[PDB]
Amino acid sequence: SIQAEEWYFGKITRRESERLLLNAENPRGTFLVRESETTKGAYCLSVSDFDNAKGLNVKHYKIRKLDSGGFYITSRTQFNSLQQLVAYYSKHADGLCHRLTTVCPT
């Protein structure tokens, strides 16, 4: 269950997610999952990044959920669960700003 996952922050806004992620103590890959503000049924993965050009910054990725069952950021790479998707992205950066590392502090 998603609401049981420590990285699921539920109904929090984009600005709130950025407020939580823009903490200097957060290494790259700090993240959380929240409801999509615009697509019913979808979610968003907010991830902290850091580079010399931009400094500490946040990126937001839309996670689609199919009625057919698949969860994915890109339709080419789908998962049977949100947990599996998180697990996979904690190991592969792929198109993400950084692989997922630790859950964002509240």
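Only the largest set of C-alpha atoms that superpose within 1.5 Å between the two forms is called the rigid core. For every residue, the number given is its place in the sequence shown, counted from 1.
Engineer: With the rigid core held as the alignment frame, decide whether 82-90 or 19-27 lies farther from the shown form in 7 other deposited structures of this protein, in terms of RMS C-alpha distance.
Structural biologist: This comes out as 19-27, the stretch further from the shown form in 7 other deposited structures of this protein.
Engineer: So, in 7 other deposited structures of this protein, taking the root mean square over structures and residues of the Cα distances after a rigid core fit: is 50-58 or 29-37 the more displaced stretch?
Structural biologist: When 50-58 and 29-37 are compared in 7 other deposited structures of this protein, 50-58 lies farther out.
Engineer: On mean Cα temperature factor in this entry, is 23-31 or 65-73 the higher one?
Structural biologist: It is 65-73 that shows the higher mean C-alpha B-factor.
Engineer: Looking at the deposited entry, does 33-41 or 54-62 carry the larger mean Cα B-factor?
Structural biologist: Comparing 33-41 with 54-62, the higher mean C-alpha B-factor belongs to 33-41.
Engineer: Using the temperature factors of the C-alpha atoms in this entry, rank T101 within its chain: lowest, middle or highest third.
Structural biologist: CA B-factor rank for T101: lowest third.
Engineer: Lowest, middle or highest third: which one holds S48 when the chain's residues are ordered by CA B-factor from the entry?
Structural biologist: Lowest third.
Engineer: Would the CA B-factor of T13 place it in the lowest, middle or highest third of its chain?
Structural biologist: Tercile = middle for this residue's CA B-factor.
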